[PDB]
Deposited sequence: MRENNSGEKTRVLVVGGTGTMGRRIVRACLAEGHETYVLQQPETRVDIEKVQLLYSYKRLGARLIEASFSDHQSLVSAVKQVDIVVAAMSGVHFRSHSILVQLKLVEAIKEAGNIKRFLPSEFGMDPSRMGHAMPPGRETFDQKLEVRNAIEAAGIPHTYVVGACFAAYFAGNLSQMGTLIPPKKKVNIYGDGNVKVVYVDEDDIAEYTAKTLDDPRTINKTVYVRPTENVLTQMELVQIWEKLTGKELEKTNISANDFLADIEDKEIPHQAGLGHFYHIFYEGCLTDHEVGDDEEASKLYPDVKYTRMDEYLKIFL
C-alpha cells in the first residue's frame, strides 16, 4: 500500500527534511546508513532518531556495489540529497539501481538551479536516462536559509543590522523557498503519476521576489531602513564556484527567466501545501 522510499543522504540539510516529509506523507521510509567516518555524535543521533518516527535504517556503502544493490531492492523509490565529487557518487547508485531492476522512480540530488541550462548533476541525469530509470528532477528554488534569512548577503545566515549589498539594481526575480516546503513537495511528487519523467519547478507564486522586494519585506517587519550599496555586474566579477552561483541567480535571473506551466510547478500541482511566505519566514529573526 505505502510507497517504500529510500532516502540517500538522510542526515544532510535537505535529506533530513525529506526523511521527515516522507514519513509525514505516510511513506514507509528507509534511510541509508553509511559506515561511520568519525565519532560523529549528532550524525548518529539524527539517524537513530528517525527510527522513533517509524523509519528503518539500511546499512550499505558506496564502495560496496553489492550492498547498494541489496539496499535498493528493499524499496520502491530512491531519493538522493548528497552535498553539492559527492554528486558523482550517485553514478554508483545508478548502476546499483540498474542492476536491481525494481525501482519505480529515482529522484537525484537536484533541489537548486536547473543544470540543463546552456556539471556533475547533468552527468548524473545522463546516466539515469541511459539506464532507463524513471526520474523526477526537483529544481528551481533558493533555500530560504541560504538566501532569504541573510537577505541574500554572502558569508552570513542572519539579517544584517545596518547595511546591505544589492546586486545590480536588485530587480532580478528570485525564488525563495523554505526548505521544509521543498521537502514536502518532494514527498508529494515522488509517487505522483503526473510527474513521472518530468522536471518539477518549485516556484510558489508569492515567493517569486526580487532581492529588493525581500529587503523591503524585512524593512517593513523591522521598521528600519537599511543602507544599500548597489554592486554592478562587473564590480561582482573581481574573482580571477560559489560566486558563480550568486551571479547566475541574482544577475542572470536563472531561476525566473523561463515561465513554467501549472502541470510542472509544485505549488500548482500540490495546492494543499500552505507554503511559508517570506514575511512569515523572516519573523523568526525579529
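- Taken in order along the deposited sequence, the stretches absent from the coordinates are 1 to 7, 92 to 96, 131 to 141, 264 to 271.
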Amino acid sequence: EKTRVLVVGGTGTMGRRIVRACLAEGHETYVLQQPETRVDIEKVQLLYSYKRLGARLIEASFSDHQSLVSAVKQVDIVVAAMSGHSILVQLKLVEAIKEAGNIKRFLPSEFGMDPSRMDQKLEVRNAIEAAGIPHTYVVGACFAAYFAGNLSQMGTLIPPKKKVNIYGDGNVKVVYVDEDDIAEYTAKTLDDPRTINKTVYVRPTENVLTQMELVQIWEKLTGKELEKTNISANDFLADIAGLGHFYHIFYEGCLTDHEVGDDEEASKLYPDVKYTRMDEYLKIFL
From here on, numbers count along this sequence of modelled residues.
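By rigid core we mean the largest C-alpha set that fits within 1.5 Å across both forms.
- Each structure in 6 other deposited structures of this protein is fitted to the shown form on the rigid core, and of 55 to 63 and 33 to 41 the C-alphas lie farther away on average for 33 to 41.
- Missing-residue comparison: residue 28 falls in the unmodelled set for none of the other PDB entries checked, so it is not missing from a third of them.
- Where the other entries of this protein model the residues before and after it, residue 254 is kept in all of them rather than dropped from a third.
- Mean C-alpha B-factor is higher over 162 to 170 than over the other stretch, the pair under comparison being 162 to 170 and 105 to 113.
- Between 212 to 220 and 85 to 93, it is 85 to 93 that carries the larger average Cα temperature factor according to the deposited entry.
- For residue 203, the recorded CA temperature factor ranks within the lowest third of the chain's modelled residues.
- In this PDB entry, the Cα temperature factor of residue 192 sits in the middle third of its chain's modelled residues.
- Remark: residue 122 belongs to the middle third of its chain, ranked by C-alpha B-factor as recorded.
- In this PDB entry, the Cα temperature factor of residue 100 sits in the top third of its chain's modelled residues, the highest group.
- When all modelled residues of the chain are sorted by CA temperature factor, residue 155 is found within the highest third.
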